[PDB]
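Reading the structure
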Amino acid sequence: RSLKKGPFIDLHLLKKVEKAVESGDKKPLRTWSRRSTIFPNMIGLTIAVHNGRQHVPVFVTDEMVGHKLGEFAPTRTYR
Amino acid sequence: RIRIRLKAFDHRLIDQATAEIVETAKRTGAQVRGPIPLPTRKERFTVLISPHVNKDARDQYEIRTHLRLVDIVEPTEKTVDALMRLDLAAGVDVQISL
Amino acid sequence: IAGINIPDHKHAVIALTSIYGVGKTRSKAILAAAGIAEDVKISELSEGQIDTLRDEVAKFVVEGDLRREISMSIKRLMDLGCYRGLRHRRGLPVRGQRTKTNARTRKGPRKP
Amino acid sequence: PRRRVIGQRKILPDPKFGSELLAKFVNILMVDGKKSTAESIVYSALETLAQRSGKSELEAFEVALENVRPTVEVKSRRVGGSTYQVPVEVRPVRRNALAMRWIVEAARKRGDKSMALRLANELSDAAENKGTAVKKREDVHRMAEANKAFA
Amino acid sequence: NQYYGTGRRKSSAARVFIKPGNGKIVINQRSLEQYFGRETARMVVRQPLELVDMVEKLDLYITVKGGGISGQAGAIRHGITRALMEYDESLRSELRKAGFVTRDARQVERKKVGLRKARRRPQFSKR
Amino acid sequence: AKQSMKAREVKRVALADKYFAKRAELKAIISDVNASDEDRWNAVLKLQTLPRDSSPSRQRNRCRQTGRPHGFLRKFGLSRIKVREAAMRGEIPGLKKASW
Amino acid sequence: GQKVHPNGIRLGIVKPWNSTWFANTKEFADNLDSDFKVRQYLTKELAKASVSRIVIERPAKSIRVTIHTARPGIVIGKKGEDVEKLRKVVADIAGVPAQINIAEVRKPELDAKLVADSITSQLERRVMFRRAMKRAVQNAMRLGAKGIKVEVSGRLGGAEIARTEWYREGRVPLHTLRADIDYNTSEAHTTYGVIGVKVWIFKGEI
Amino acid sequence: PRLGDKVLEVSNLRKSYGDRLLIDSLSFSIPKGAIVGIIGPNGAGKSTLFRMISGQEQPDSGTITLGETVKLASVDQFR
RNA sequence: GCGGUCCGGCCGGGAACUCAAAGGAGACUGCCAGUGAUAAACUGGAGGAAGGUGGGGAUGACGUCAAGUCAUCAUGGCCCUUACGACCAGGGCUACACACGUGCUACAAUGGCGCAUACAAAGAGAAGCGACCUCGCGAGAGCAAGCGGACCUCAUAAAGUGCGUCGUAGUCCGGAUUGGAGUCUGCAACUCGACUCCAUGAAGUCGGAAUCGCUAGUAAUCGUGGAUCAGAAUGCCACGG
Ligand SMILES: Nc1ncnc2c1ncn2[C@@H]1O[C@H](COP(=O)(O)OP(=O)(O)OP(=O)(O)O)[C@@H](O)[C@H]1O
Ligand SMILES: [Mg+2]
Ligand SMILES: [Mg+2]
Ligand SMILES: [Mg+2]
Ligand SMILES: [Mg+2]
Ligand SMILES: [Mg+2]
Ligand SMILES: [Mg+2]
Ligand SMILES: [Mg+2]
Ligand SMILES: [Mg+2]
Ligand SMILES: [Mg+2]
Ligand SMILES: [Mg+2]
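Method information in the entry identifies cryo-EM as the source of the structure, with 3 Å recorded as the resolution.

1. What about the overall build of chain B?
Counting its regular elements, chain B contains 2 helices and 4 strands. Ordered by position from N to C terminus, the α and β elements of chain B give β-α-β-β-α-β. In terms of overall size, chain B is more extended than a compact globule, its C-alpha atoms giving a radius of gyration of 19 Å where 98 residues would be expected to give roughly 13 Å. Its C-alpha atoms give chain B principal-axis dimensions of about 65 × 20 × 20 Å. Of all 98 residues assigned to chain B, the portion counted as buried reaches 38%. Counting only contacts in chain B whose residues sit at least 6 apart along the sequence, the fraction spanning at least 24 positions is 70%. Counting only carbon and sulfur atoms, one obtains 52% of the accessible surface of chain B, whose full area is about 6,100 Å². Each charge class in chain B can be summarised by its mean position, and for the 17 positive and 14 negative side chains these summaries are 4 Å apart.

2. Concerning the overall build of chain E
Helices and strands together make up the secondary structure of chain E, namely 4 helices and 4 strands. A compact globule built from 127 residues would reach a C-alpha radius of gyration of about 14 Å, whereas chain E, at 18 Å, exceeds it by more than 25%. Considered along the principal axes of its C-alpha atoms, chain E spans approximately 70 × 35 × 20 Å. In chain E, the proportion of contacts linking residues at least 24 apart, taken out of those at least 6 apart, comes to 65%. For chain E, the exposed surface amounts to about 8,200 Å²; the carbon and sulfur share of it is 48%. When the 29 basic and 12 acidic side-chain charges of chain E are each reduced to a single mean position, those positions are 18 Å apart.

3. Description of the protein's contact with RNA strand I
Close contacts around RNA strand I come from 168 residues, with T99(C), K107(C), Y4(E), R8(E) and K111(E) the closest. Of everything in RNA strand I that lies within 4 Å of the protein, sugar and phosphate atoms constitute 77%. The separation between a base oxygen of RNA strand I and a polar main-chain atom of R1(A) is 2.9 Å. Taken together, the residues of the surface near RNA strand I break down into 47 nonpolar, 53 polar and 68 charged.

4. Regarding the sheet that holds strand β3 (residues 24-27) of chain E
Residues and elements named next belong to chain E. One open sheet holds the 4 strands; their spatial order is β1-β2-β4-β3, and the pairing between them is mixed. At either end of the open sheet lies a strand with only one pairing partner, and these are β1 (4-5) and β3. As judged from the 4 bridges shared by β3 and strand β4 (residues 59-65), these two strands associate in the parallel manner. When the bridges of β4 are listed, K24 appears paired with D59. Each of β1, β2 (13-17), β3 and β4 is contacted by helix α3 (residues 69-83), which is oriented at about 40 degrees to β2, the strand it contacts most.

5. A word on the sheet that holds strand β4 (residues 98-104) of chain G
Residues and elements named next belong to chain G. Pairing within the open sheet is mixed, and its 4 strands lie in the order β1-β2-β3-β4. Lying at the two open borders of the sheet, with one neighbouring strand each, are β1 (19-20) and β4. The pairing of β1 with strand β2 (residues 51-57) spans 2 bridges and is parallel. Residue pairing in the sheet places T20 in a bridge with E57 of β2.

6. A few points about the side chain of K113(G)
Residue and element names in this part refer to chain G. Topologically, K113 is positioned in helix α4 (residues 112-124). A distance of 3.2 Å separates the side chain of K113 from the backbone oxygen of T185, its partner in a polar contact. Sequence-distant contacts of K113, defined by excluding residues within four places in its chain, comprise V51, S52, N184, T185 and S186.

7. Remarks on the interface of chain E and chain D
Taken together, the contact pairs 6 residues of chain E with 4 residues of chain D. A combined buried area of about 390 Å² lies between chain E and chain D, and 64% of that area is made up of carbon and sulfur atoms. The largest contributions to the chain E side of the interface with chain D come from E39(E), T40(E) and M43(E), which together make up 66% of the buried area. At the boundary of chain E and chain D, one finds 0 salt bridges. Here chain E is connected to chain D by 0 residue pairs in polar contact. The element that contributes the greatest number of residues to the side of chain E that touches chain D is helix α2 (residues 42-51) of chain E, accounting for 3 residues. Of the residues belonging to the side of chain E that touches chain D, the class tally is 2 nonpolar, 2 polar and 2 charged.

8. Structural notes on the packing of helix α4 (residues 92-108) of chain D against helix α5 (residues 115-127) of chain D
Residues and elements named next belong to chain D. Here α4 crosses α5 at 130 degrees, and the two axes come no closer than 9 Å. In terms of their interaxial angle, α4 and α5 are classed as oblique. Of the two elements, α4 crosses α5, and the hand of that crossing is right-handed. Facing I103, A106, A107 and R108 of α4, the residues of α5 in contact are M115, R118, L119, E122 and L123. Classifying every residue of the contact of α4 with α5 gives 6 nonpolar, no polar and 3 charged.

9. Some points on the interface of chain G and chain F
Residue-level contacts link 22 residues of chain G with 18 residues of chain F. Both faces considered, chain G and chain F share a buried interface measuring about 1,700 Å² in area, 58% of it formed by carbon and sulfur atoms. The largest share of the area that chain G buries against chain F comes from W17(G), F28(G) and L32(G), three residues that together contribute 28% of it. At the junction of chain G and chain F, the tally comes to 2 salt bridges. Residues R64(F) and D30(G) are paired through a salt bridge, measuring 3.5 Å at the closest nitrogen-oxygen approach. Linking chain G with chain F are 8 residue pairs in polar contact, by the criterion used here. Top element by residues in the side of chain G that touches chain F is helix α1 (residues 25-45) of chain G. It accounts for 8 residues.

10. Section: a nonpolar patch on the surface
Together, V79(D), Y84(D) and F150(D) make up a nonpolar patch on the protein surface, roughly 290 Å² of accessible area in all. Mapped onto the secondary structure, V79(D) falls in the loop between β1 (72-76) and β2 (85-89).

11. Some thoughts on the arrangement of the chains
For this structure, the chain pair with the highest number of contacts among 9 pairs of chains in contact is chains F and G. A minimum C-alpha distance of 19 Å separates chain C and chain E, which share no contact. Across all C-alpha pairs, the smallest distance from chain B to chain H is 47 Å, and the two are not in contact.

12. Some remarks on helix α3 (residues 39-49) of chain F
Here α3(F) has its buried residues at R40(F), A43(F) and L45(F). In this structure, the buried side of α3(F) is in contact with α1 (11-23) of chain A together with α2 (25-30) of chain F.

13. Quick notes on unusual backbone geometry
Non-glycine residue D53(E) carries a positive phi angle of around 60 degrees. One non-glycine residue, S25(H), lies in positive phi territory at about 55 degrees.

14. Some details on the site of ligand 1
Residue and element names in this part refer to chain H. The local shell around ligand 1 consists of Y17, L22, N42, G43, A44, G45, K46, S47, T48, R51 and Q77. Within the contact set of ligand 1, an oxygen atom lies 2.9 Å away from a backbone nitrogen or oxygen of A44. The separation between an oxygen atom of ligand 1 and a polar side-chain atom of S47 is 3.1 Å. In isolation ligand 1 has 630 Å² of accessible area, and contact with the protein removes 56% of it. In terms of residue count, the dominant contributor to the shell around ligand 1 is helix α1 (residues 46-54) (4 residues). In the shell around ligand 1, the residues fall into 3 nonpolar, 6 polar and 2 charged.

Quick notes on the rules
Residues numbered from 1 in each chain as written, not as in the entry; some residues may be left out. Chains lettered and ligands numbered in written order. Part of a larger assembly, values for the part shown. Heavy atoms only, no water. Residues with missing side-chain atoms left out of burial classes, pairs and counts. Helix = DSSP H or I, 4+ residues; strand = E, 2+ residues; numbered from the N terminus. Rg over C-alpha atoms; globule rule 2.2 N^0.38 Å. Buried < 20%, exposed > 50% of the residue type's maximum accessible area, 1.4 Å probe, protein only. Contact = heavy atoms within 4.5 Å. Areas by Shrake-Rupley, 256 points an atom, 1.4 Å probe, with all protein chains shown as cover. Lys, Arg positive; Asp, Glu negative; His and termini not counted. Charge placed at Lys NZ, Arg CZ, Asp CG, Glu CD. Near = heavy atom within 4 Å. Polar contact = N/O pair within 3.5 Å; in protein donor to acceptor, adjacent residues only side chain to side chain. Nonpolar A, V, L, I, M, F, W, Y, C, P; charged D, E, K, R; others polar. Pairing = 2+ DSSP bridges. Axes fitted to C-alpha atoms, helices over the stretch in contact; angles between N-to-C directions. Buried area = accessible area lost by both parts, 1.4 Å probe. Salt bridge = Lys/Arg side-chain N within 4 Å of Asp/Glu carboxyl O. Parallel < 35°, antiparallel > 145°, perpendicular 65-115°, else oblique. Left-handed = near helix turned anticlockwise from the far one by under 90°. Patch = residues over 30% accessible without salt bridge, like charges linked within 9 Å, V, L, I, M, F, W, Y side chains within 5 Å.

Structure representation (structure tokens):
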């Protein structure tokens with residue numbers, strides 16, 4: 001569904017995560033990279049992701065590692 | 001030896017070019033293979049003729065590519081000298097093998 | 001007759017498909033691995049071979065384990081807060097089909 | 001129709017039996033353009049009727065046909081804003097056609113076994129004045145008698 | 001010493017040789033039963049020379065290309081008809097009266113843009 | 001057709017020809033069974049750092065005369081409307097009215 | 001809109017083509033673009049030259065443009081200098097060597113493109129539309145023509161509501177495929193919008 | 001309960017008592033939705049047929065069968 | 001046809017045949033009889049492959065609906081012109097109590113599923129079609145010829161037939177919907193791709209009033225191709241059984 005080899009992540013979002021574990025837990029990371037998957041070294045972070053109009057924050061949990069950030073940010077609001 | 005293939009969009013025009021080419025090979029006197037009409041091609045295009053929504057109203061056009069073969073087999077140096085640079089066919093492409 | 005539940009009256013290949021978790025090819029693989037003829041029925045099988053069938057089925061997640069496994073999957077997605085989980089909660093299609101006119105299976109029988 | 005008199009298509013004779021009468025029957029039982037299936041069913045069903053009747057192959061088909069082919073029929077023939085069906089005679093060509101259609105339709109009913117048997121049963125009942133086809137010919141014959149006033 | 005006809009029907013073409021010997025047929029280097037006896041389409045192939053009392057005077061070499069089962073059967077039957085002019089045309093009237101001389105020009109219609117298949121209009125609605 | 005959009009097509013074609021025509025080692029070479037000792041990883045990341053106009057996907061292939069995105073025909077390079085306009089006055093060589 | 005294009009329907013029957021070259025798919029699109037640039041530049045340049053037909057043939061990796069005109073000297077300019085300053089600009093727009101030839105038509109009132117062009121110039125010259133079309137029809141008929149139809153559509157004379165007016169003299173069978181029917185279109189950009197002019201000139205039955 | 005197309009079928013049914021025989025080589029199938037008027041003289045076997053269908057009697061020539069959807073409700077000649 | 005055999009047009013070879021080309025002949029009520037106003041024409045017949053515009057396509061009169069398109073374009077007026085113009089990322093056009101139009105797959109035995117095997121036409125291909133072979137249960141992945149093509153590839157056609165089984169059950173019908181595992185293309189498949197494998201097995205047992213298409217290679221059914229297209233047809237456009 002993604003590829004045989006080489007899981008995908010945007011470079012800018014990878015760099016912000018490495019800077020996070022270097023500087024520890026910090027303020028939420030505001031990113032628009034709804035396509036980049038989750039790595040284990042993002043767990044414990046409260047990164048915020050775009051939903052088209054606002055950055056909805058998502059607190060990364062152990063389970064959410066095989067998914068993508070946009071999977072936890074709905075786009076269209078209904079009722 | 002050398003085989004000449006001619007493509008064109010007009011059969012009244014290609015038959016002239018292929019007859020002129022076979023004649024020039026025959027200007028050596030004899031021993032030419034004769035023209036061979038390989039099967040043509042009919043590309044077809046269907047386009048909507050309206051600038052807006054009328055899907056059932058459309059025209060269909062086709063481009064017919066007529067194609068002949070010569071296949072000169074006589075290794076006459078006079079033939080190749082008078083073949084290249086002297087056929088002078090316009091509107092019709094020439095391939096000629098070796 | 002065993003295999004957790006009861007397979008009845010059918011050819012061993014297709015009777016075994018009654019196991020929640022065994023379909024056409026898994027049942028073919030089981031009968032191949034048990035050395036049982038495909039064309040024979042469940043009433044012609046010896047008790048000295050059904051025990052092998054139990055052994056063969058044991059190498060697969062089946063009714064009790066499978067239905068728990070599926071329930072864990074859907075609940076983990078529902079509790080996850082992801083889009084697939086949200087679609088599971090609200091009952092809407094998850095694979096990304098139309099909801100404008102279709103999706104009567106997931107939505108259920110029509111109601112105004 | 002409105003203008004002309006249309007031509008015929010002359011049909012092709014039945015392979016096994018040299019009669020075009022059975023060829024038209026195969027064409028009627030035909031569905032979806034599958035003629036090989038249609039002839040296969042007719043041949044098998046007519047063969048397993050030969051064991052049930054005694055007549056060879058074709059006599060046992062006609063004596064079934066002659067029982068379910070009607071003679072008169074009612075058609076809507078209003079005049080003054082009317083709503084009553086005038087009983088009219090059936091031309092000989094349509095008599096065979098109406099017979100074959102009724103047999104095949106009845107055979108597609110009476111679901112008992114594969115199509116080979118369903119056809120086989122119906123012709124045997126037609127050969128003895130009993131089936132749903134021969135019942136249908138009686139229904140139209142009875143509907144024309146009830147309307148015999150209009151002529 | 002062979003006599004030939006082509007025969008055509010429904011996008012299929014045939015070649016038939018009527019060389020005179022004992023009665024037998026070969027189609028694409030095999031007989032009808034193995035090649036064409038399928039679907040029992042042998043009646044039409046047999047039909048022309050059966051009417052002309054085929055018996056033991058014709059051995060047939062048959063080739064065919066294109067078209068389906070029935071289309072090839074019509075081509076061979078038409079080919080045999082055109083083939084059986086070596087016994088001079090004294091039988092031409094006796095063979096044409098039953099047909100087999102018409103080429104049967106009828107064939108598939110083009111798709112007819114705007115429709116489904118050449119006559120099948122899509123479903124209509126006033127509203 | 002919104003000249004800005006025609007400029008976008010030229011900019012993408014300019015960039016698509018600049019990198020991907022010669023440079024193809026990331027998408028092609030690196031994605032084989034080669035050793036992936038973080039070198040496949042970096043070439044994966046290297047693709048992100050490249051400009052977004054990666055040759056095949058980003059272009060629209062619209063009509064040359066009007067810039068119409070829909071109804072394009074590759075044989076002529078025009079949309080359906082400009083093909084018929086040019087065909088009817090004999091611009092396109094060989095394009096007969098056609099029927100069968 | 002219900003009429004087929006008179007030129008297009010006869011392209012392989014009686015009328016010729018305007019481009020006569022062979023190209024595969026690789027360069028079929030690129031050629032068509034180049035001829036469009038050549039024709040568009042030629043027409044806008046030789047507007048005062050009364051150009052009727054521009055036919056382009058591409059022989060032997062070269063482009064040749066034949067410019068059918070009613071005033072050859074105005075295209076040649078001065079013993080050839082206008083030709084050379086077109087052959088360069090044409091070849092500099094195609095990227096390949098270009099040969100420019102011209103063909104005089106000694107019947108400018110019998111050519112549909114010239115006639116339609118003439119009527120549009122008068123419309124921009126504020127000539128009454130009835131006068132222009134009647135003059136065009138009479139000129140072609142007396143000059144020798146089996147028939148001619150002139151149709152002008154738009155806001156004729158500044159009328160707030162448009163109306164199509166056409167005038168036909170003689171025979172002009174739009175359905176006879178062997179008929180030598182010469183048809184062309186033009187537009188007039190008046191101050192009231194566009195006024196479109198169509199001209200049919202029937203000359204012979206085969 | 002909903003009834004499938006296969007309801008009841010008897011094949012070559014035959015029953016006798018002592019030396020008098022009531023049913024001899026009877027075969028018939030009952031299509032669904034049908035009402036079957038069983039008529040005949042007294043003691044001809046009308047009630048014994050119901051006995052066989054309900055399974056309280058065993059025919060000599062067997063072959064009485066019901067579809068698996070069939071549920072039988074029987075009303076006796078005697079109260 | 002001729003003897004040749006690695007039995008396959010492979011092979012020298014031959015223009016006889018299918019073909020695929022161009023150029024030709026052919027069908028015009030031409031001939032006969034009858035009807036008809038000594039007519040136009042009609043009804044039959046011979047001959048022919050074809051018979052009365054042979055089949056069907058292009059072909060759409062003056063005009064109508066001030067019908068449809070200022071979002072293909074062109075264009076008169078208005079308008080915005082540090083924004084109604086321009087660039088970027090993300091989102092949306094894919095939503096979902098419902099309603100309608102057009103379709104595809106079915107509700108089975110004229111069938112499903114296994115094994116064996118026959119017969120097409122048309123078309124497309126160069127940052128493309130991609131043999132063979134190897135590895136994958138598969139989508140395919142690696143290596144890699146050939147082909148700008150009557151040569152190579154896409155490309156084993158499927159309904160058919162032969163055998164066996166299933167025996168009228170919501171089933172060995174139906175193949176939805178969900179859960180895992182994945183392949184590809186693409187910078188990237190979460191919103192929101194296609195495809196494969198394992199598991200699941202939902203409605204549906206032929207459809208109310210009403211309503212649609214079709215007159216012959218037509219309806220019905222079966223498969224194939226192409227355009228658009230990096231990927232994405234149950235639509236469209238074509239082809240044949
Ligand atoms: N066990 C038995 N031994 C001998 N004869 C028997 C036995 N049971 C029934 N019979 C006879 O066999 C016949 C079967 O009759 P049954 O009771 O089946 O009904 P019927 O006669 O068909 O109908 P009805 O009840 O309406 O009179 C009768 O003549 C009956 O007397
Ligand atoms: Mg005749
Ligand atoms: Mg078809
Ligand atoms: Mg613009
Ligand atoms: Mg694209
Ligand atoms: Mg039109
Ligand atoms: Mg006649
Ligand atoms: Mg954007
Ligand atoms: Mg199934
Ligand atoms: Mg499955
Ligand atoms: Mg109904």
